Structure formats: C-alpha cells, structure tokens
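We give structure tokens for two forms of one protein chain below, kept apart as structure 1 and structure 2.
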Structure 1
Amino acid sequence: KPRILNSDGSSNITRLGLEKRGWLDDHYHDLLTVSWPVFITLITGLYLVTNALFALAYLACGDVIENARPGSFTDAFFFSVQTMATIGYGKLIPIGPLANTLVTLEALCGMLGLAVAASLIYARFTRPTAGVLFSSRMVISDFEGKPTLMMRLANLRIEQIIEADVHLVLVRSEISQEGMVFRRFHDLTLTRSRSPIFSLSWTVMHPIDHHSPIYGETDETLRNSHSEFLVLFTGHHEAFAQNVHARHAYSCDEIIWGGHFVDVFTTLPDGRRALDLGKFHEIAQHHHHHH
C-alpha cells in the first residue's frame, strides 16, 4: 500500500517533463522560501561577489582609482563597496572617462540592488504561515444518531483567524458505466464548514448519511478503492492581517472506527476554563473482551 497523498497533502505523483519554467516562480517564479538566516547569507554573498567583480573591473581598467595602491584588489573592492552603498567618502574618487562610467553603472546596480532586496524582504518574506495543527487521526463514530467522519484542528498561536473555511475531501478510484477507472474527488458535506472566528479548537464533522459518498462503506471497502481524505483549511489571520492556508491528508488506516476525540477543553484551579493541546491527538476506544 503506497500513499497517493502524503500527510501534509503534498502529491506523491512523479512529474514528467524538462522543458519551460514559471516566469517569476524561480525569472520566489524562480529565494523567498529558504530560512531567514540563509536568506541573509545569500544576499550577503551576492553583495560581495558583485563588489569583488566591479573591483576586478576597475583594475582591468588600470591604476584608475586615486589614492589607491597599484592593482590592489582590496583597495578597489572597498571603493566598490564605497560606490555601491553610495557611501562616497571621497578619499577614493574615480579617475578619467571609464572609471566614472562604471561608477554611474555601479550606483544604478546598488539602487535596484536595494529595491529588489526590499521587494523580497516584503514578499517574504510575507507569505505568512498558518499555525494550524491537524489531528494525527480521523474517527468514525456516532454523533446525533449518525455515524460521523470526524477530525479536528487547533490554532497554534494566540492570534485569531477569522473567516475560516475547511474543505474535507474523499479521493478514490471509481469505475464508470463505460468501464473506465478514474480517480474522483468528493466534497463531504460538513455539519459546518465556515467558522467565522477560529481561535481554539475545531472538530470538523461529516455525518455519513444516505447522501454520503461513504454510506455503507467499511474499512475493507475503503481500502479497496484506495480511498484517501484530503483537508484544506484557510482563513484570514489577525496577526499578519493576512490570509493563511493549511492542508493535511489521511489514508484509510488513519481512520479509527469507534473512536472519540478526547475533550480538549479543561477547567482549572487557576484561570478556570483552559485548553490543553497535549490531548489533541488523544482518542478513546472501547476495547472488546477476550477469552
């Protein structure tokens, strides 16, 4: 049993091609992902090499930086750094027609330099994360007189997410009248799918009624169709004053028949009502007798 969706809801499918690419994915399309400290290294790195190059560029021009040593790389490099940052001390003024032309070019570079560098930082850099915890398991047990598929999520930060949508989706292999076998998605209807203010915990619920794609199914039948469940969550995070997304996926064998999530809200001596996420993945079962 290989898994079509990973737990984080990434696709396992291998992709085939080697030709074109996202314009701007990389001309984030193709930096704004890797960790903060790394990001800085890269910009730092790029900052140096760029300078050390213009440095190399002045030298190959001659002894054309005043008050500089003959053909010295450090002196020049620092003049470069001193040109690009736009520090312009003066002691190291340019010389002639050429050096000066590299100057105005080098200034331009550090200017855009700064802009791009600003864009990234803001882009990140923004992309905020949702701090949403999904339960490691699902359960099917009775609620309001129906067997109900359930799972739950928690908000890991103190800030509030408002206008929160969850979508719970069955994915499985089906056969058509026409004898074609395909992979189909079903949007399980939830007792409730919109929570206007998500702040603590949320048990999402699919009553398996006669209208449910999983009516009359069992573990065995679910495994036969290699059924999986995909959960997508979204919301506007008060913290970032921005939007957030989280996904997660579950396979059949992560569905506990009969289970009940343990209550996650507590009452305490200090602070009264509380919420203990230590219990978030806890599920109760009734264990049957042996002989």
Structure 2
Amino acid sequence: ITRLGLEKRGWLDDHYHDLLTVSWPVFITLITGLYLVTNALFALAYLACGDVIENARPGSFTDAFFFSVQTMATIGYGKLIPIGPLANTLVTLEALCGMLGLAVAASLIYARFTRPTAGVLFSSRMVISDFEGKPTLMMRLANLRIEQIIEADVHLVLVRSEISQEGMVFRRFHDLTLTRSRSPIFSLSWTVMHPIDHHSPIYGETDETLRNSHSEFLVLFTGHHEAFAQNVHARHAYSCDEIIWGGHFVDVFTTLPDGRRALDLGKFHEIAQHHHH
C-alpha cells in the first residue's frame, strides 16, 4: 500500500538496509565499486591541479589513480609523492576518507555478521485432528542447524474479520492457547498444538466459516540461537486453504535399523489422511 506523507528514505536510511541484506558477493562488489570510483574522483582532483604528483606521466589518469590508491590505502610507496599545497591538502583529505571508509566497511561487515537467520523450517501446512480427545490445530517447526536455540517462544495467532456492536467490521487478533508455547531448549522438531476447547476462538468453526471471516494464522518464533549468541526471529502465515482437516503429521523421529534414534526432516511436510471408498 502506498503512503502519502514522506514515503521514501531519510537519515541513516539511505539504501543502507540494502547493504545489510544483499548477498556477500554483491556486497563486496558494491564496496569494491565504491572503492574504485572514489579513487577515480581523487585521481581527477589531482589532475585538476595540474602536475602536482612527482614522477607521474603528466595528465595521466593511471598514474593519478594509482597515486590516490597508494595514498588512501596509506601504502605510500614514495615514488609518486605529492607536490605543493594543492596535492598535500587532497592527501590530508584522502587520508581521512580511507580511514572513515575502513571504519564504515568494518561497521557494515560486523553488522551483517550480527543479523543471522533463524534457520527454522515451518511445516507447509497445518492440521486439525484429535489429540488427547479434542480436535486440535497443529503445525510444526524444525531447527535446521545443529546449534540449539535457547528460550524459544512461539505464538499461534488467528487473524479474522469480526463485527463490533457499533456495526464496524475490523480485523481481530487472537493469541491462541498452546499446550506448550515456551521451550527452554529447541533442538530438533516441535509440534505446536492448539486444543480447540470451549474457550477457543475457532470452536465450532468449519472450513467454510473460517473462509467467510477471512481467517488467517500467524506463527511467530523467537529464541536465542547459540550459533550466533543473539536472538533470532522467524514467522509464517497460513491461509484456510493450508489447513488439512483430519490430517496427522507423519512422525519424523525414526528408529535407525541399528538401535539408534534419528530425525528425518524429509517427512516433515507429510500429512496422513484417511480416504473413503
């Protein structure tokens, strides 16, 4: 949806987010590029001063570009030294830039290092089938890394359209009661279940009624990943179509032919359903 006020950019809000999200190769290409053009600009600036670089072919961009590069990176070989206030002032400027550039490039790199992905797999569907004697809404999550997640929290939120007394129709949110919503240590898989008891918002609902109310289900996951020593977040949304009534997730905890327990995420998205003649 379009906004009408100040829809784009601001302070510390250039496409800086892009430098945080984009792929490493693209990130390195952007930096490398920004590195070359800046040395291209200083190279010109030196030429715009005439022949202020000793031992350099007059009016040559090359020798001027490489002089810049040797100044900014602070390599300072010594054959291409500066000449006269003009060059020595651009050098002072270019010295500061390379320092700021490094400072920045290091900031962005450490940042990108600290915004890791949750590495959490969400089942492609939800199911509503009996558990402990009651119809239950379920879905499951799997930890795709060997590192464990500490203090994992999950929320199952129902979003649908309802009518107020004043006659207004708005989107209402419902944090659904889970049998377990907190997991001290998340390591493998976790089946999140919502018992549909008399207190449930979807009690008495059917696939049809949920469609009418434009019902949707949000799953929000958060925890402290040991792999990154910092919190991670992940979420998924499910529409009515993605709910398998009568479905039962296929166990993923396999017992190996040789007395060992194993987890086979290959069956993670499998649902067992009964068929009628």
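Only residues modelled in both forms are compared. Please note that residue numbering is based on structure 1, beginning with 1 at the start of its sequence. Rigid core: the largest C-alpha set superposing within 1.5 Å between the two forms.
- After superposing the rigid core, the C-alpha of residue 28 moves by 2 Å or more between structures 1 and 2.
- After superposition on the rigid core, the Cα atom of residue 271 is displaced by 2 Å or more between structures 1 and 2.
- The two forms line up on their rigid core, and residue 18 then has its Cα shifted by 4.6 Å between structures 1 and 2.
- For residue 60, the displacement of the CA atom between structures 1 and 2, after superposition on the rigid core, amounts to 0.7 Å.
- Displacement of the C-alpha atoms by 2 Å or more across three or more consecutive residues between structures 1 and 2, following core superposition, is confined to the runs 13-30, 269-271.
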